[PDB]
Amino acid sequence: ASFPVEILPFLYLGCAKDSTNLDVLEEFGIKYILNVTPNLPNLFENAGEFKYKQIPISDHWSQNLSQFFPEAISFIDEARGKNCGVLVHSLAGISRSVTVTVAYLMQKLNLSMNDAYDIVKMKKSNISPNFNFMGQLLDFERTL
């Protein structure tokens, strides 16, 4: 019914309720998958035709997602550099994925959290995240 949206060329954001079918991904030229679903072990291996990455996030309130920004950005960038689609996805919702996406836009395009988020809303105006990551994104903004 619904598919991952291309935020920037080669950068895809998938909502939990999106069709993560392998054929659909091959068709979009997506070869890299960044899974930000919580409570999973750290992994980075090749899975079929894809380079699968899974970061060790915890859904506990004390968990800091921002610390994974550098490695997430490096992964997304390495994919886009090689002209390969990269997918940021979470089975738990849209919040962690859009947060990693916004962080990437902030650093890559040299934008503030608000500007980067507005860019995301241009391509996916329906998006409705929670506010659990405002503080981390605002804090990450200072880093730039």
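Numbering starts at 1 and follows the sequence shown.
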Decide which of the stretches 1-9 and 133-141 has the higher mean C-alpha B-factor, going by the entry. 1-9
Tell me which of 35-43 and 98-106 has the higher mean C-alpha B-factor in the deposited entry. 35-43
Could you check 63, 90, 54, 112 and tell me which one carries the biggest Cα B-factor in the deposited entry? 63
What third of its chain's C-alpha B-factors does residue 76 belong to: lowest, middle or highest? middle
Third of chain Cα B-factors occupied by residue 122: middle
Would you mind checking where the Cα B-factor of residue 116 ranks among the modelled residues of its chain, as the lowest, middle or highest third? lowest
